[PDB]
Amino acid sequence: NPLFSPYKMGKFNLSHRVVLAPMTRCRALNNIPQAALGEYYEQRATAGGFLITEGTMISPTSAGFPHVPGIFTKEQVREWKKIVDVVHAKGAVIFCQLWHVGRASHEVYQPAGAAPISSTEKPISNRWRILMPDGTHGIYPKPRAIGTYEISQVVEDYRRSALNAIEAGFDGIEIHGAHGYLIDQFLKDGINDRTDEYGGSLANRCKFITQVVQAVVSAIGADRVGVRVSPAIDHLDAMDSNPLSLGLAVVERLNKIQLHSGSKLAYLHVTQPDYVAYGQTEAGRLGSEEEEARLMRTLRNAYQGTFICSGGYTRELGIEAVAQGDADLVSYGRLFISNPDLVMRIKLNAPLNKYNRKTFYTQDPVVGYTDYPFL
């Protein structure tokens, strides 16, 4: 089983290749990490296994979900420290995902009810609804388009939060640049309508994510920085006219950063739509051999370093990914929600618990969080 061959992720000697994908769960009451997060990650940690935390706030304006953790205050650092200590006592490596939602927010999640910030003034269309603190779903408002200086301050918010993660004992951080959030709002040409140095060409639309990654690489080292992107996911109206083009341009920038710095990033982490059920339709699988369909392999081939694939992977699919060189590591989201011992289950090829969408974003520290049973 290739999933359980060791892999050297930069400075971290992993004993297997099953990764916990980052997953917002909203148990961090008042944006402060709670003891329950420690129990949740401890359940899923394994000796030599890699974990990536739920998206974590980098500033008071970065939230778009209720009760998600921050790491921009020293109070949060102290609470994260206790969670990190418990995961490390199980021998796992854990990275903190740094998350700014950009325009995917609401006045209720913003200080003084301010407008959320983005690359643009265009709001997410009404095709999408935001989860509200009361449990209803609200409308995405009109965001404020930020100037060059505010962009530098946001970059500094990434830098300071990476430093805060190291201060909490995290082995590294992951830059959330996927799923139509702030970084994706600069990447995707379906969103970025700027005419300044951050908009227009492929090159200009990559400047934000380049500035963010370089800032954190300089602060804590390339080998403690992972970068997550989703060029082929159109979440929250974040589609690009050429996701192949955009993926390769990101890969180029990551390679140049690694070359300029003399060291490799911890990994590139690419996540894709899950098309598991498109086989049941007449035309669902037509086009599967086009280059744009082979995007995951194209980016892997162009990238120098560790590659984590994500989106719809199973035990069988993840084994195949590693053995074919499509990826070095495979991250699992939904399966890890309901299977705390997913690593053991994948190893034994044991049955897998089903997950419950209703309890993905509730505040209960136990129900739908830590009460999914072990084998």
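Quick note: we count residues from 1 along the sequence shown, nothing fancier.
Problem set entry | Which of 228-236 and 136-144 has higher mean CA B factor, as the PDB entry lists it | Taking the mean B-factor of the alpha carbons in each, 136-144 is higher.
Exercise. Of the two stretches 145-153 and 182-190, which shows the higher Cα B-factor on average in the entry?
Worked result: Going by the record's values, the stretch with the higher mean is 145-153.
Problem set entry | From 102, 279, 169, 287, residue of greatest CA B-factor | Highest C-alpha B-factor among the listed options: 287.
Exercise. Taking the Cα B-factors listed in the entry, which of 302, 293, 268, 212 comes out highest?
Worked result: Reading the PDB entry, the winner on C-alpha B-factor is 293.
Problem set entry | Assigned third (lowest, middle, highest) for the C-alpha B factor of residue 107 | Its C-alpha B-factor belongs to the middle third of this chain's values.
For this session: Using the B-factors in the PDB entry, rank residue 174's C-alpha atom against the chain and give the third, lowest, middle or highest.
Result: Lowest third - that is where residue 174 ends up once the chain's C-alpha B-factors are sorted.
Exercise. Within this chain, which third does the Cα B-factor at residue 81 fall in: lowest, middle or highest?
Worked result: As the PDB entry reports it, the C-alpha B-factor of residue 81 lands in the middle third of its chain.
Problem set entry | Where the record places residue 113 (Cα B-factor, split into thirds across the chain) | Highest third.
For this session: Looking at the entry's B-factor column for C-alpha atoms only, identify whether residue 335 ranks in the lowest, middle or highest third of its chain.
Result: Residue 335: CA B-factor falls in the middle third of its chain.
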